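The entry's author numbering numbers the first residue of the sequence shown as 1 and each following residue consecutively. For reference, the structure is listed below as structure tokens.
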Amino acid sequence: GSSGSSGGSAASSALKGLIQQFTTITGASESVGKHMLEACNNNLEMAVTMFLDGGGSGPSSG
């Protein structure tokens, strides 16, 4: 068990970076941050602004 594989090698490390910022800022998962950043040309600011606007409700805040 526990063994990396990786498929395609084209913009991953960087992507992660942002993803991390997203999964951290927002609190979503990577896969999500990857989908959000994937629709934001890999732009956290956008992904965030996008995800945020599109679904603004935490676990317990107000």
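Ideal Cβ positions, reconstructed from N, Cα and C, are used throughout, including at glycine.
_Cα-Cα separation, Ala28 to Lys34_ = 10 Å
*Which first and last residues belong to the alpha helix (DSSP H) in which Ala14 is found?*
13–25
_Counting C-beta neighbours from all protein chains within 10 Å, is the total for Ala11 16 or more, i.e. buried, or is it exposed?_
exposed
_Proximity winner among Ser60, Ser61, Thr24, relative to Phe51 (alpha-carbon distances)_ = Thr24
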